[PDB]
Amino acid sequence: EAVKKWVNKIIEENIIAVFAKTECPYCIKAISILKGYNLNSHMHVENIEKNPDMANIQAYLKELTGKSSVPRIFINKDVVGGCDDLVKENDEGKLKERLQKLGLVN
């Protein structure tokens, strides 16, 4: 209960929600790509490794998204997925489209 509620609040309060771990190159890459769209003001990055309930958080992220790995990325509560999913969306125009619909990029 408590873990799910805590994860949900992060995804709800923040248009761009990224779950990450320490020293995680694909986390860093994904976050960098998102900040490249000037999304900082609407991003939250949570380091779930620095948390006593890492496994519970990962299990819930898998229930929500299909994978327990980080990074795990949500945009307005919709699942993007991991960094590779973000790269695909970015390269194919889908990321920009998501962001335009949210008023985050012109």
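One-based numbering along the sequence shown.
- Averaging C-alpha B-factors over each stretch, which comes out higher, 19 to 27 or 90 to 98? On average, C-alpha B-factors are higher across 90 to 98.
- Query: Where do the C-alpha atoms have the higher mean temperature factor in this entry, in 6 to 14 or in 79 to 87?
  - Reply: For C-alpha atoms only, the mean B-factor is higher in 6 to 14.
- Residue with highest C-alpha B-factor in the PDB entry, from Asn40, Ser32, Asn56, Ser68: Among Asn40, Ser32, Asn56, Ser68, the PDB entry lists the largest C-alpha B-factor for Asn40.
- Item | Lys50 by Cα B-factor - lowest, middle or highest third of the modelled chain | Ranked within chain, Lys50 CA B lands in the highest tercile.
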